[PDB]
Amino acid sequence: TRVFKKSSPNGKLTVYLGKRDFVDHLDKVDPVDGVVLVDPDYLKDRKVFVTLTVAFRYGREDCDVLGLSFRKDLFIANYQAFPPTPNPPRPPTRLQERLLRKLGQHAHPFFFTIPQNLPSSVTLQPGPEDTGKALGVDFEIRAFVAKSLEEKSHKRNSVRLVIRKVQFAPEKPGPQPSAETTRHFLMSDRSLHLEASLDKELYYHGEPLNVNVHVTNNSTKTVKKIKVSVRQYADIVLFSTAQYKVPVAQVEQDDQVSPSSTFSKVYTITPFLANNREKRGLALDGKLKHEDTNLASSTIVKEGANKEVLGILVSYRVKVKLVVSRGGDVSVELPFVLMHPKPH
Amino acid sequence: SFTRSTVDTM
Amino acid sequence: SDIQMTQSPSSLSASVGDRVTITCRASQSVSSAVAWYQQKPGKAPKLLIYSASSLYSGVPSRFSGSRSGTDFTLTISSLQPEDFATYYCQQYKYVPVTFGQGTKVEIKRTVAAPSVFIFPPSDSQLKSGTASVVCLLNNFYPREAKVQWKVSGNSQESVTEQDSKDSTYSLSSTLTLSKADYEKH
Amino acid sequence: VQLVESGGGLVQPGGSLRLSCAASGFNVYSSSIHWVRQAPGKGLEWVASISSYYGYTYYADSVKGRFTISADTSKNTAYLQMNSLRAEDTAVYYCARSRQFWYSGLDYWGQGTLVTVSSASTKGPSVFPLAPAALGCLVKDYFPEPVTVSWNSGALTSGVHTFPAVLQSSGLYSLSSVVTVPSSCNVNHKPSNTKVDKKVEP
């Protein structure tokens with residue numbers, strides 16, 4: 001029943017939004033619908049428009065003394081709020097009708113559709129060495145009044161508000177993730193067998209990862225140490241292909257694997273943000289203004305492979321490293337997903 | 001300033 | 001800063017399946033971060049409504065609430081014979097959290113005539129050097145009562161919990177003085 | 001899912017104590033631990049909070065610096081340490097969990113342990129008969145709680161009303177129990193290991 005609203009600094013132009021967050025069901029997205037409230041006597045000759053834009057923004061917005069974002073406009077949409085447009089698309093919405101009931105004549109609804117080929121709201125962790133905020137893709141709604149679309153923007157006229165787009169976990173479990181690797185010697189037939197498995201393929205933040213690793217060291221070398229870690233992969237694509245990978249959680253056990261022996265164990269690794277408050281380049285979930293959040297939720301690609309290289313893509317993997325004596329170190333990897341469940 | 005909720009009525 | 005809590009009413013009594021409404025007031029506007037808790041006497045607390053509108057699992061549907069600005073109201077459809085306990089109003093959108101003053105619920109009955117009993121101190125108490133006069137008020141209604149001492153401060157009042165056998169109360173008040181003061185009267 | 005805790009007792013004011021509350025059936029990382037105290041006759045009062053995932057600590061204004069909190073992730077247990085005890089800090093303390101993503105109240109609560117602070121020592125009960133219809137037995141100047149009082153070794157509980165014990169200004173506790181005998185008492189103090197039997201006649 002409650003309804004958010006934002007107003008112009010002059011107090012004359014006000015916009016109402018019923019929701020702050022939107023979700024996608026891998027086939028459709030919740031439409032962005034709202035109503036702008038304004039008395040036409042203030043303008044009496046201008047026209048009101050509301051614009052949807054998504055940009056690759058860097059830095060902060062509080063008049064920092066530094067070169068600001070490389071403002072790449074990934075996608076921009078415009079709608080004519082005033083003068084009134086025809087009925088589509090397609091009808092007015094229920095909440096817009098209720099708000100028009102609440103206000104009356106000066107209520108003007110608008111409709112928008114979000115294309116399916118858009119990235120998710122993510123924000124990179126700013127570094128203490130740097131200043132202000134950091135780079136990150138964000139959504140933004142902008143409403144303004146002017147006689148022309150190309151008229152100069154005014155602080156008193158234009159109003160800026162920030163919205164978010166997030167995904168939620170599907171209810172269908174996937175195949176069981178497992179991996180194996182057998183490495184022999186240079187000449188002798190003796191080999192080194194290792195197998196890694198996980199309880200599930202989809203987990204939840206704060207839930208420990210019970211990795212099941214089995215080592216069949218039917219060889220002559222002795223494994224000195226064992227290292228288990230999870231790696232975060234962040235694909236950066238604006239006009240070139242890039243990927244910045246940073247370790248997030250590492251666990252080491254002082255276990256010796258004797259030659260011609262089989263050793264299997266289950267280890268616990270937990271990703272958390274407390275220990276990485278200073279690590280630059282970390283990817284985090286989209287924030288409102290500056291509020292803290294958890295780690296960046298693993299966004300899942302749609303069924304269509306297409307391109308979808310229009311922003312930041314994130315994925316997680318787990319690697320286990322065996323410290324074999326006199327070289328011969330062998331490591332195995334396993335991809336997995338980790339992102340929020342569906343609320344009610 | 002900031003954001004705020006408000007009445008819905010009916 | 002701190003947010004003032006003002007629950008209303010403090011504590012009333014009703015019958016089975018009655019219209020009972022409990023109102024919560026806050027000095028500052030809070031959107032929806034309001035939770036309702038109930039704690040049986042001598043047991044652990046348990047929430048009933050979170051976010052001021054969501055009904056927790058494993059809870060009868062008779063409980064419901066609504067919000068009007070800073071006014072928060074709790075509504076109960078029918079009073080079960082086991083819902084007589086205290087209730088607390090909680091807000092959790094500002095640091096720190098502020099709790100309600102507690103809203104005890106009791107069953108109402110007819111007015112019960114009390115029994116007046118006066119017990120002088122015992123011979124062992126007489127030899128102890130401390131004189132105590134205890135007046136017993138049993139099987140009365142309601143809890144509030146006025147009894148005067150004249151033969152006066154320095155008296156302790158003790159009332160038991162609501163006796164479910166007859167829905168009545170028992171009161172025991174003792175006036176403690178010295179032997180010289182006791183013999184003066 | 002269960003909650004257990006330990007560490008209660010009686011401590012002289014101005015000292016220190018350590019309390020524990022183990023967690024089972026969930027994760028410490030995916031939740032937060034809250035500590036709340038309940039004074040006799042007063043509502044529950046929050047004191048501190050821990051967020052292991054975010055690595056943040058919070059305390060009440062009245063216990064700034066005095067009270068410390070800690071938790072070991074391996075054992076899924078939280079520990080709070082308080083120092084410079086005062087007489088007004090006596091209450092019943094509870095440990096509770098809250099969902100981290102996101103906050104939706106305190107769904108689960110521990111059974112809770114009482115905290116008593118005072119300089120009073122152990123004192124045996126003193127049974128005082130009360131005879132004139134009704135008759136009662138008065139127990140005064142005893143410490144600490146509780147005292148199990150029965151009439152004629154619990155021969156008949158009809159007409160017997162026992163009032164809750166009170167703490168007078170002397171620092172000792174006192175209760176009473178009255179049996180209604182219109183026509184016509186064994187008290188045991190487990191902490192003090194004292195049993196007293198008395199008989200009163202008009």
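Note that each Cβ is placed from the backbone with ideal geometry, even for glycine, and that neighbours are counted across all protein chains shown. Every number here is computed from the coordinates shown, using simple stated rules; none is lab data.
Connecting C-alpha atoms closer than 10 Å in a GNM of chain A, tell me which of A:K72, A:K289, A:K245 has the biggest fluctuation. Result: A:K289 has the largest fluctuation of those listed.
Mean-square fluctuations from a GNM of chain A, with a 10 angstrom spring cutoff on Cα atoms, peak among A:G127, A:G281, A:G67 at A:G67.
Mean per-residue shielding of peptide A:272-282 is 2, counting Cβ atoms of other chains within 10 Å of each Cβ. Cα centroid separation, the stretch A:314-344 to the stretch A:1-53: 44 Å. GNM on chain A, alpha-carbon springs under 10 angstrom: the most fluctuating residue among A:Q253, A:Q96, A:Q116 is A:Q253.
If a/c stays under 1.5 just call it rounded; otherwise compare a/b with b/c (prolate if a/b is bigger, oblate if not). Do that for the protein assembly as shown, with a ≥ b ≥ c from the square roots of the Cα gyration tensor eigenvalues. In terms of gyration-tensor shape, oblate. In plain terms, the residue of A:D130, A:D27, B:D8 with the fewest other Cβ atoms within 10 Å comes first and the most crowded comes last, giving A:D27, A:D130, B:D8. Taking the charge dipole of the protein assembly as shown about its Cα centre, with +1 at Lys and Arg Cβ atoms and -1 at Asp and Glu Cβ atoms, the residue from A:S69, C:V34, C:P142 reaching farthest to the positive side is A:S69. With neighbours defined as other Cβ atoms within 10 Å of a residue's Cβ, the residues D:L138, A:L68, A:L334 order from fewest to most as A:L68, A:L334, D:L138.
When only DSSP loop residues count, what trypsin sites (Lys or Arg not before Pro) in the stretch C:42-100 have their Cβ near at most 16 other Cβ atoms within 10 Å? Here the trypsin sites (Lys or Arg not before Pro) that fit, given the DSSP loop and packing criteria, are C:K43, C:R62, C:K93. In order along the stretch A:315-330, the Karplus-derived 3J(HN,Hα) couplings, from 6.51 cos²θ - 1.76 cosθ + 1.60 at θ = phi - 60°, round to 7, 10, 9, 10, 10, 10, 10, 10, 8, 8, 5, 6, x, x, 5, 10 Hz, and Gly and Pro are given as x. Among the listed pairs A:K102/A:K152; A:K5/A:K289; C:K165/D:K123; A:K6/C:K46; C:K127/C:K150; C:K104/D:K199, those whose Cα-Cα separation exceeds 28 Å are A:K102/A:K152; C:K165/D:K123; A:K6/C:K46; C:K104/D:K199. Relative to the Cα centre, the charge distribution of the stretch C:115-185, modelled as +1 at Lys and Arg Cβ and -1 at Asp and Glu Cβ, gives a dipole magnitude of about 220 debye.
Mean sequence separation of contacting Cα pairs (under 8 Å, at least six apart), scaled by the length of the stretch A:52-138, corresponds to a relative contact order of 38 percent. Using Cα pairs closer than 8 Å and at least 6 residues apart in sequence, work out the relative contact order for the stretch A:301-344, in percent. Value for the stretch A:301-344: 32 percent.
Note on chain A: semi-axes of the ellipsoid equivalent to its C-alpha gyration tensor, largest first and rounded to whole Å, are 52, 21, 16. Under 5 Å from the amide H of D:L114 lie the amide H atoms of D:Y93, each residue being 5 or more positions distant or on a separate chain, with H modelled from the backbone and absent for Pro and chain starts. Look at D:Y142, D:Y59, D:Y54 and count the other Cβ atoms within 10 Å of each Cβ; fewest to most, that gives D:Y54, D:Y59, D:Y142. Amide H to amide H, with H built 1.01 Å from N, A:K225 comes under 5 Å of A:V323, counting only residues 5 or more places away or on other chains.
Relative to the longest principal axis of the Cα atoms of chain A, the long axis of helix A:94-103 makes an angle of roughly 40 degrees.
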